[PDB]
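Chemist: This structure is in structure tokens; I'll ask about it shortly.
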There are 4 protein chains.
Amino acid sequence: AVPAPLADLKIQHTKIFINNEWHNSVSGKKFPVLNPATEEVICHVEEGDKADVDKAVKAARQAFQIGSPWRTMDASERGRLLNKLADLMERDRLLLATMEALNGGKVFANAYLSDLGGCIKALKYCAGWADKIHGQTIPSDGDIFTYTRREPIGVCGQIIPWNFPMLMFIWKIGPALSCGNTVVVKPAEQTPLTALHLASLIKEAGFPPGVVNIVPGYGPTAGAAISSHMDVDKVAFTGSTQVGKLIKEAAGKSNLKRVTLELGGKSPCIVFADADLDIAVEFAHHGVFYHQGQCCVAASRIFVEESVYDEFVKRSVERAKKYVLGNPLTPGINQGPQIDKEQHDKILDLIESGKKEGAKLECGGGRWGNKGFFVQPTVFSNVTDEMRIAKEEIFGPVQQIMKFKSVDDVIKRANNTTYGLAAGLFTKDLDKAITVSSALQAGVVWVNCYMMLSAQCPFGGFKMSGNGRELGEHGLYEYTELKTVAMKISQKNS
Amino acid sequence: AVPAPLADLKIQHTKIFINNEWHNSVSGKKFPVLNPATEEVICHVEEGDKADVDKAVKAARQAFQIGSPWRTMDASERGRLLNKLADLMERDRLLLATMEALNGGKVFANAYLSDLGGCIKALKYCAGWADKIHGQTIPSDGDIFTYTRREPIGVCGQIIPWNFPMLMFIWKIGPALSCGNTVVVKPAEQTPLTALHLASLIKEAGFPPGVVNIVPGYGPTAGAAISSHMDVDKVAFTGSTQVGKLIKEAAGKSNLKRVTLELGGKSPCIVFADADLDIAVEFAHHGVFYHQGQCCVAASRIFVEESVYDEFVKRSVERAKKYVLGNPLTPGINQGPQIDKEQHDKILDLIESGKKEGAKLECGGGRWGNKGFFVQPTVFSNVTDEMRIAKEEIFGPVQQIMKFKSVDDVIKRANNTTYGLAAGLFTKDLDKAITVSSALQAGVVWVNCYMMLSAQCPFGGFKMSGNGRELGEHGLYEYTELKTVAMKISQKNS
Amino acid sequence: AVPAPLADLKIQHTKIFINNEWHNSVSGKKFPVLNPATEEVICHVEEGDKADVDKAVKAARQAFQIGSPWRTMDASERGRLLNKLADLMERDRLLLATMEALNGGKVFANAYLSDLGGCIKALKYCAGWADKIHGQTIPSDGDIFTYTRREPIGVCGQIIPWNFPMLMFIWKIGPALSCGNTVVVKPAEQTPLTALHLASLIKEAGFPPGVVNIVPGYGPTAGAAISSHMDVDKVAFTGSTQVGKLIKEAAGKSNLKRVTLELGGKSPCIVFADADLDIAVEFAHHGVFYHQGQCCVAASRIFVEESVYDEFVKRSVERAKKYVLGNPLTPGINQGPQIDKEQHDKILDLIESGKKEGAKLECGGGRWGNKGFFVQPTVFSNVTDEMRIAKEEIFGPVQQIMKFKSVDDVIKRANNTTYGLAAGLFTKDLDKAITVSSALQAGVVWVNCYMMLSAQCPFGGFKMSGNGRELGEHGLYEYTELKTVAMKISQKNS
Amino acid sequence: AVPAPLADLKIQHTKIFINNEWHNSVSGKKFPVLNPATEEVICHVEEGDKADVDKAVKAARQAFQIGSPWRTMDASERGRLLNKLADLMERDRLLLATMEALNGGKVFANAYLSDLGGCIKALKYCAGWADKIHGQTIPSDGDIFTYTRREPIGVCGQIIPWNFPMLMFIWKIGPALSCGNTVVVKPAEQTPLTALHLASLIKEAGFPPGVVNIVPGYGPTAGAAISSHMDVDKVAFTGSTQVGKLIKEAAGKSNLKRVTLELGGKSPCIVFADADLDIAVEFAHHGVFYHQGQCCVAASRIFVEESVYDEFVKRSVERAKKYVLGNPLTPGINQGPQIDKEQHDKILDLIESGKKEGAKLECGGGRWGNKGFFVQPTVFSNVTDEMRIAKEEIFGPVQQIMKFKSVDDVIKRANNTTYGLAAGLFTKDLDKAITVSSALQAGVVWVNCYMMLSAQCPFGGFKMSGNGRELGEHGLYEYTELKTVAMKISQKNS
């Protein structure tokens with residue numbers, strides 16, 4: 001049951017959001033927002049830069065001051081506000097789903113059922129934590145009374161990527177707001193609209209002014225202004241590894257702000273001969289092709305046991321036939337475009353690279369259509385570990401199938417990346433499922449499924465796939481700062 | 001590496017332990033402690049009663065007063081004292097292992113390696129918890145500061161069985177003492193000696209007087225006195241289901257005291273055709289025969305899928321013929337006696353009942369020797385659910401094997417008991433292991449193993465197998481009382 | 001900002017609620033429900049008995065079977081339903097507030113603002129916990145993977161009092177459902193109406209059938225059937241100490257169910273000379289007089305330091321003469337009636353006891369009116385610890401003012417009654433606040449306030465004031481049963 | 001009982017410690033270790049560099065590989081090993097205290113009772129945590145079973161300062177080893193000896209080869225080699241702010257390793273008019289001069305309310321004239337030297353800044369003695385906020401006293417730092433104790449005391465005073481990596 005997309009979609013909010021009112025950019029500058037499906041300009045957005053971030057950081061810092069409403073209201077009240085924001089999003093579900101599909105080239109049915117549904121489920125999950133974050137009373141040595149407080153950190157800068165604009169938006173501000181921080185959010189330049197529309201809803205729900213500030217713009221101007229800012233307490237960033245490296249370096253040189261990073265993945269799936277081959281093919285296929293492969297956790301290398309390798313490749317190639325490229329808003333369409341020309345060129349150069357190296361093409365390998373950034377779902381088999389397609393983050397509807405015979409060998413090969421973050425494991429054997437998932441150097445391990453993202457589980461990576469976990473009970477505490485209070489008393493009793 | 005037993009063993013502590021002092025019973029009566037197998041009298045120990053329990057409760061309440069040493073010392077010191085008791089136990093490992101094997105008819109190598117080893121490891125675990133028990137600072141509504149305190153409960157009466165005197169003793173006092181309680185223990189009438197000897201070690205370790213009190217004597221005289229006492233704050237009891245009913249009932253009538261019960265089981269094992277046959281046979285055997293089948297959690301019913309049923313029975317009988325009965329102190333002896341004649345007659349009546357009810361006797365069925373309480377390792381096959389041996393806790397070296405063909409049938413049949421203490425599950429399939437263990441109404445579910453009892457895990461009984469769990473993080477907190485403190489403040493901030 | 005009460009209030013639901021349908025009593029008997037202000041019959045309710053509880057327990061057991069919707073739905077889904085119940089309660093706030101006031105003689109403004117507000121707030125708090133209840137993965141010894149599961153217990157019988165029918169209702173069912181249990185509720189005979197109306201709303205929110213059952217009736221028939229039922233896993237009971245003794249005893253006599261009790265109190269207030277006397281008087285008055293002094297946490301003993309004793313009594317008498325008694329639905333009325341004639345008799349007799357005991361009666365001391373059960377707000381001074389009013393919970397608008405001069409003695413005196421549910425402490429000294437509240441034997445200690453019972457804090461009981469806590473994080477976990485799963489593995493890694 | 005120091009003290013371990021074997025530096029260079037009291041060379045130590053660090057990281061990485069002893073032993077074993085190291089430290093308590101006192105110019109009595117005692121207590125606390133670190137089982141949406149694992153992070157580099165070399169050594173490796181990491185420690189150039197002697201004790205205790213590696217050397221060679229190493233998973237650092245900036249930057253540029261810094265604050269005290277003047281004086285000095293004011297948490301600003309200002313300064317000057325400067329091992333000496341000449345010049349220039357900027361110095365202000373770097377106990381009065389001594393971090397006995405008139409004025413001035421490590425608060429007022437301590441932007445707030453550190457409380461800072469906590473439950477989890485395992489299952493039950 002999916003309604004049709006809002007026929008006449010109007011872009012209403014295009015300005016900077018600070019202190020619950022809309023601002024022009026200090027520079028007077030605007031910048032175009034494209035439609036990755038048609039290459040036509042949807043609208044123009046005010047272009048924030050360092051000065052606009054300064055306005056936004058002062059707003060948030062002021063909203064965080066001792067005694068001000070956001071600091072003095074009940075924690076459950078912060079929950080009710082987050083719950084109400086979820087209800088507003090449920091009411092405005094069709095609008096947002098249309099805007100997300102239109103602007104981010106996302107298949108509409110997916111934007112409506114999974115993106116928005118996940119946004120609402122995650123916000124309600126975070127809403128529930130607000131008055132359940134607790135500190136401890138500790139029975140430490142001596143005649144003293146020791147307790148801790150889980151206080152909000154302060155001003156949190158949050159840089160959102162373009163592949164899941166609303167989901168990442170909610171996954172970042174939900175925990176931050178639940179813990180009582182205030183935020184300055186910089187959405188990706190390719191996809192600012194859905195965040196700006198959510199800002200109008202944040203206004204409607206009654207969050208105190210300055211608690212949420214949104215400054216759209218480019219990375220090397222507004223993202224950098226956030227990361228090197230001297231009055232920002234934490235920056236959270238999801239995106240490429242190289243920019244994340246720049247973020248930790250800028251934070252270290254600026255004011256030693258806390259940093260959490262979520263970098264890309266080269267996430268492996270291991271398919272054992274004793275796996276349910278249909279479930280394995282369906283989930284591995286889903287894991288690399290969902291949202292045109294632009295997921296953080298894309299299953300970009302699939303290791304299959306030699307006994308079942310040929311049958312697996314056959315079915316994988318058989319499954320890629322069902323895709324239908326075109327406008328994400330048209331019914332029946334399965335696969336939208338990649339977000340822009342930079343990614344389109346990157347993916348195409350990689351597919352050409354795989355062909356030059358020893359690699360077997362089973363389907364795809366080129367672009368699709370004359371307008372938009374479309375890539376045929378491509379499946380490479382006989383991939384070896386030394387190929388570019390086997391080492392570089394693809395972020396495209398390209399599947400690499402590899403072979404393995406030994407358990408130890410595939411564990412070493414799978415872990416032999418600088419990425420951690422995620423992995424897939426398919427087996428019906430109890431021992432192997434446990435021992436292998438223990439051995440994989442990955443932040444999330446799915447067994448006999450893939451990309452089952454929920455709000456109750458913490459998600460984050462090992463190695464250079466990131467810093468920190470988001471959206472768990474553990475994810476919520478990463479937005480608190482611990483304070484120990486130790487009060488001298490005359491005599492302590494247990 | 002097992003040493004020989006203390007050659008000529010002398011028992012030095014036979015009186016009541018109160019306020020770190022040895023006492024005669026108020027009446028002066030003493031009672032005999034027997035040696036299973038030889039049926040000889042080891043010595044006579046003071047018989048505790050209501051007058052004695054009253055002395056002990058008075059001591060425990062004094063030791064618990066606000067401002068006393070046990071209440072004002074650092075939690076870490078309570079831990080260090082627990083740690084000191086553990087080292088003392090290790091120094092005296094050989095002595096205590098002999099006394100345990102002598103008094104409880106326990107195979108000496110078993111008492112020395114597993115009983116003493118487990119006691120020391122559990123004492124060290126509880127020691128580690130003493131200063132890590134914490135309360136919470138809670139962000140409740142309104143301008144208030146709310147926190148909780150995990151106070152000790154108070155005076156805890158603890159009634160110990162005869163099957164594992166030392167392990168059960170440490171499992172009760174360890175958590176209780178770690179949290180800062182004071183305790184009055186009534187060890188089993190059959191096996192009081194080892195507990196008394198630990199009492200001497202408790203004095204040596206430096207525990208304040210009255211923190212640990214031990215009252216040997218009978219169940220219906222000193223245990224009843226503990227359970228119905230008006231100034232005992234909690235009673236913890238391990239034993240029969242009927243005595244547990246009697247204890248909770250008296251607790252209701254006397255003063256609403258906290259109660260924890262650990263009752264018997266009819267703990268079933270499910271062996272699926274996809275199981276590792278030898279692991280299943282070996283572990284099921286261990287779970288039904290360990291310590292002459294008088295085990296806390298004995299695997300009496302073994303349900304095997306028909307495909308594997310006959311092969312399982314074959315290997316089970318082959319493994320059952322590998323025992324050597326006799327004096328637990330003689331080297332080479334595998335099976336000692338049952339703890340006394342009462343248990344011996346019960347087991348034998350059930351064996352014949354099984355044969356008369358039409359169960360196939362595969363090996364065993366009768367007594368051994370003229371002296372002692374010995375039972376030949378017995379294996380019954382073709383057992384049906386309406387058979388008595390399939391319904392009464394045999395608490396003996398008797399194994400019952402049943403057949404099953406349907407998963408839901410066997411889940412229902414294993415759960416169809418008034419007991420829910422433990423369960424065993426044997427499979428190599430991931431899905432069956434997780435879902436079947438979820439459906440089992442058991443406090444502990446072992447998969448492809450059995451009787452893997454560690455200190456880090458709580459054991460929580462279901463249904464009438466008990467009330468509460470011990471020895472985990474959850475077990476330590478059951479010996480605390482929670483206190484909420486709510487302080488009005490002029491203004492609160494997050 | 002309190003609207004006018006429903007003039008009409010036609011009472012719709014008067015029957016037994018089982019399986020989302022309405023049932024007459026198996027016997028056909030009904031029983032009358034009074035209006036304590038006018039003593040005229042509001043309506044007749046079906047009189048449930050053992051047979052009706054048996055119907056209800058079977059319904060709840062069926063709803064709890066493995067594979068049922070209540071067992072298989074997502075925990076967040078249970079939360080979603082609890083939240084839907086809260087919104088419905090919000091919609092019917094005016095109706096339910098009128099019904100609460102009509103049936104329980106509660107001042108309408110209080111029922112609308114404080115009772116319903118707390119009911120919605122506690123439900124939303126419980127809603128938020130459903131999917132945040134977690135078990136542990138434990139690093140226990142050996143090549144094992146050990147984890148625990150917090151399962152729902154099963155069928156929970158919940159026996160509700162008459163003083164806060166809706167609040168207690170939500171406090172018992174909110175946690176039990178949040179954890180995934182099913183419940184059989186027995187509301188007080190004097191006050192079944194709001195619970196039955198809540199049931200219709202549970203039907204409307206969409207809870208699966210059998211998850212909530214309500215069997216109105218008397219205590220010694222339907223409450224007893226719950227407490228002694230052979231298929232009920234837990235009973236939670238709020239009420240008198242003597243009946244609590246019966247419930248704990250009955251649970252022991254049949255099937256050893258888990259038990260939680262919250263009994264009366266004789267909660268003390270300690271007022272130190274440096275306390276803010278204005279604030280101390282205001283809160284002490286509120287804590288003893290609120291809802292005609294029928295709270296479990298009534299502050300009926302007030303110890304004032306000699307320095308401030310007379311000034312305190314002066315203001316208490318000034319504040320106590322300020323009530324306007326009458327029908328709780330009429331606007332302006334400050335004090336409603338007692339719940340029924342039995343309590344009216346007891347409280348008046350206690351008033352007579354105090355005067356013949358040589359207590360200085362300052363105001364009140366008699367009946368009010370000639371319709372209903374009204375009691376003049378009474379204040380006694382110069383009360384001694386040996387007086388009847390000083391040991392017995394009066395449950396009426398009777399205030400006892402006492403004197404103390406040394407802290408050590410007054411802590412002794414405050415902790416010296418058979419109840420320890422709660423306490424108040426008024427002082428500006430940091431050391432006094434921490435040390436005295438640590439020394440007070442009470443489940444909740446309020447400092448410089450009283451009766452600020454939020455949904456985030458658990459409020460437990462000491463001594464004979466009960467067993468267990470509710471409505472905290474601690475409170476929710478008591479509606480779970482712990483299960484340890486231990487899976488043998490080929491090799492474990494840290 | 002404080003014993004006499006080691007007379008015949010031989011330095012035995014002076015080389016690089018890798019794989020439980022002693023190494024010469026790859027270059028063959030040694031570097032001298034001086035005695036800060038006499039400026040005499042104590043000995044020469046192997047000078048580690050990049051090559052020596054690379055060896056240590058290969059050793060630690062190998063010791064961390066799956067299947068290695070350190071990864072496969074029970075967590076409780078890691079605990080027993082740490083406990084044995086503590087017992088060893090207790091046995092060699094006199095040796096370590098003299099070696100520590102001699103090498104770090106620390107008063108012998110302090111090194112023996114406070115430095116060693118804390119090291120042993122901290123180690124035992126960490127030992128207790130090893131097998132109590134747990135993950136969670138989460139009830140997330142869908143037919144899944146989700147759990148988390150708290151794994152060890154991997155190879156941890158730990159860079160130690162010279163002020164509390166043993167204490168800092170223990171605070172870093174104790175938690176790291178409790179969780180199962182392997183570590184490469186780089187002590188300060190000034191104080192490598194006690195770390196090397198503990199390395200020998202770690203061999204004796206039975207730690208597997210490579211789990212603890214120690215590489216002495218200089219900061220910009222050996223520390224830098226650690227922080228930028230591509231195979232080190234975390235760096236923990238205690239030291240100056242401008243080095244922490246460099247470390248955080250090196251981590252970002254190399255392999256985005258985790259970073260935890262503990263920098264040193266300007267920790268302020270608020271002395272209220274109602275404070276206990278004597279104790280405030282005693283503890284406020286205690287906090288800034290302890291160990292010649294080289295403490296991790298120095299009380300470098302003392303704000304006093306006008307009402308008690310002058311008398312407070314008098315007592316401060318009076319108590320400051322009670323010390324005996326000289327050799328720390330000599331009995332009776334109360335104040336030792338600063339660690340070196342570089343520190344000595346920094347301290348003296350700050351005093352010159354103090355006089356020139358116009359603060360009233362009551363005592364001290366110059367060099368002391370003809371040998372060594374000794375600094376007279378200096379007290380400055382009437383200091384203002386923009387003065388170097390009030391804003392530039394002082395490591396020295398220089399004490400700063402100021403006045404305040406409005407409470408928020410002083411809270412602003414106290415929070416007007418880029419440092420938030422600690423704070424002091426002296427008052428008897430319940431409301432101010434809570435409200436002011438919540439308002440202070442500091443990681444630890446002491447009330448009516450100072451520098452009462454412990455192993456049970458988590459320790460770390462706000463703002464530029466560091467990130468992360470040590471030695472708490474929160475401190476132990478900082479050495480773990482979170483992994484979510486999500487296993488799809490056929491049907492889920494609560």
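Residue numbering: from 1, along the chain as shown.
Method reported for this entry: X-ray crystallography, 2.9 Å.
Including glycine, each Cβ sits where the backbone N, Cα and C put it.
Annotated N6-acetyllysine per Swiss-Prot: B:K84, B:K121, B:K245, B:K346, B:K360, B:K403, B:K412, B:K428, B:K488, in sequence order. According to Swiss-Prot, the NAD(+) binding site annotation covers B:160-163, B:186-189, B:219-220, B:239-240, B:262-264, B:342-346, B:393-395. The feature active site, proton acceptor is assigned by Swiss-Prot to B:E262, with sequence analysis given as support. Per Swiss-Prot, active site, nucleophile is recorded for B:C296. Annotation comment: Swiss-Prot describes B:329-494 as region 'Mediates interaction with PRMT3', evidence class similarity to another entry. As annotated by Swiss-Prot, phosphothreonine applies to B:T330, with the evidence given as similarity to another entry. Taken from Swiss-Prot, the feature phosphoserine covers B:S406.
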Chemist: Tell me, if you would, which residue among B:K84, B:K121, B:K346, B:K412, B:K428 (modified residues) has the fewest other CB atoms within 10 Å in the structure shown?
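Modeler: Each of the modified residues B:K84, B:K121, B:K346, B:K412, B:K428 was scored; lowest Cβ tally within 10 Å is B:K412.
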Chemist: So which of these recorded positions, B:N163, B:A188, B:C296, B:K412, B:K428, get their C-beta under 8 angstroms from chain A?
Modeler: B:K428
Chemist: Determine the Cβ neighbour count for B:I394 (NAD(+) binding site): the number of other Cβ atoms within 10 Å of its Cβ.
Modeler: 27
Chemist: For the recorded positions listed here, B:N163, B:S406, which shows the highest count of neighbouring CB atoms within 10 A?
Modeler: B:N163
Chemist: Can you figure out which of B:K84, B:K121, B:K403, B:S406, B:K412 (the modified residues) comes closest in space to B:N163 (NAD(+) binding site), comparing Cα atoms?
Modeler: B:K121
Chemist: What three-state secondary structure does DSSP assign to B:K360 (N6-acetyllysine)?
Modeler: strand
Chemist: For the modified residues B:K84, B:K245, B:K488, return the ones with C-beta distance to chain C below 8 angstroms, or 'none'.
Modeler: B:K245, B:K488
Chemist: What's the most sparsely packed of the modified residues B:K245, B:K360, B:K403, B:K488, counting other C-beta atoms within 10 A?
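Modeler: Checked B:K245, B:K360, B:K403, B:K488; of these modified residues, fewest Cβ neighbours within 10 Å: B:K360.
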Chemist: Let me spell it out: for each of the binding-site residues (B:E262, B:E342, B:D345), count the other Cβ atoms within 10 Å of that residue's Cβ, using every protein chain shown. Which one has the most?
Modeler: B:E262
Chemist: Measuring Cα to Cα, tell me the gap between B:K360 (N6-acetyllysine) and B:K488 (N6-acetyllysine) in whole angstrom.
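Modeler: Here the two Cα atoms are 73 Å apart.
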Chemist: B:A188 (NAD(+) binding site) to B:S406 (phosphoserine): how many Å between their Cα atoms?
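Modeler: Between the alpha carbons of B:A188 (NAD(+) binding site) and B:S406 (phosphoserine) there are 42 Å.
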Chemist: Over all shown protein chains, what is the count of other CB atoms within 10 A of the CB belonging to B:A188 (NAD(+) binding site)?
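Modeler: Taking every protein chain into account, the count is 25.
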Chemist: What recorded positions from B:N163, B:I394, B:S406 have a chain D Cβ less than 8 Å from their own Cβ?
Modeler: none
Chemist: Out of the recorded positions listed (B:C296, B:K346, B:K412, B:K488), which are within 10 Å of B:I394 (NAD(+) binding site), Cα to Cα?
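Modeler: Taking B:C296, B:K346, B:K412, B:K488 one by one, the ones whose Cα falls within 10 Å of B:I394 (NAD(+) binding site) are B:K346.
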Chemist: Note down the number of other Cβ atoms within 10 Å of the Cβ of B:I160 (NAD(+) binding site), including every protein chain shown.
Modeler: 27
Chemist: Give the helix, strand or coil assignment DSSP yields for B:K488 (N6-acetyllysine).
Modeler: strand
Chemist: List which of the recorded positions B:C296, B:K403, B:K412, B:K488 have their Cα within 10 Å of the Cα of B:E262 (NAD(+) binding site), in sequence order.
Modeler: B:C296
Chemist: What are the sequence-distant neighbours of B:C296 (active site, nucleophile), meaning same chain, six or more residues apart, C-beta distance under 8 angstroms?
Modeler: B:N163, B:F164, B:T238, B:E262, B:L421
Chemist: Sorry to bug you, but what's the C-alpha spacing from B:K346 (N6-acetyllysine) to B:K84 (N6-acetyllysine), rounded to the closest Å?
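Modeler: With distance taken Cα to Cα, B:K346 (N6-acetyllysine) is 41 Å from B:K84 (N6-acetyllysine).
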Chemist: Tell me which of the binding-site residues B:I160, B:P220, B:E342, B:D345 ends up closest to B:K428 (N6-acetyllysine) in space, Cα to Cα.
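Modeler: Checked the binding-site residues B:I160, B:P220, B:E342, B:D345; minimum Cα distance to B:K428 (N6-acetyllysine) goes to B:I160.
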Chemist: I'd like the number of other C-beta atoms within 10 A of the C-beta of B:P220 (NAD(+) binding site), please.
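Modeler: Taking every protein chain into account, the count is 11.
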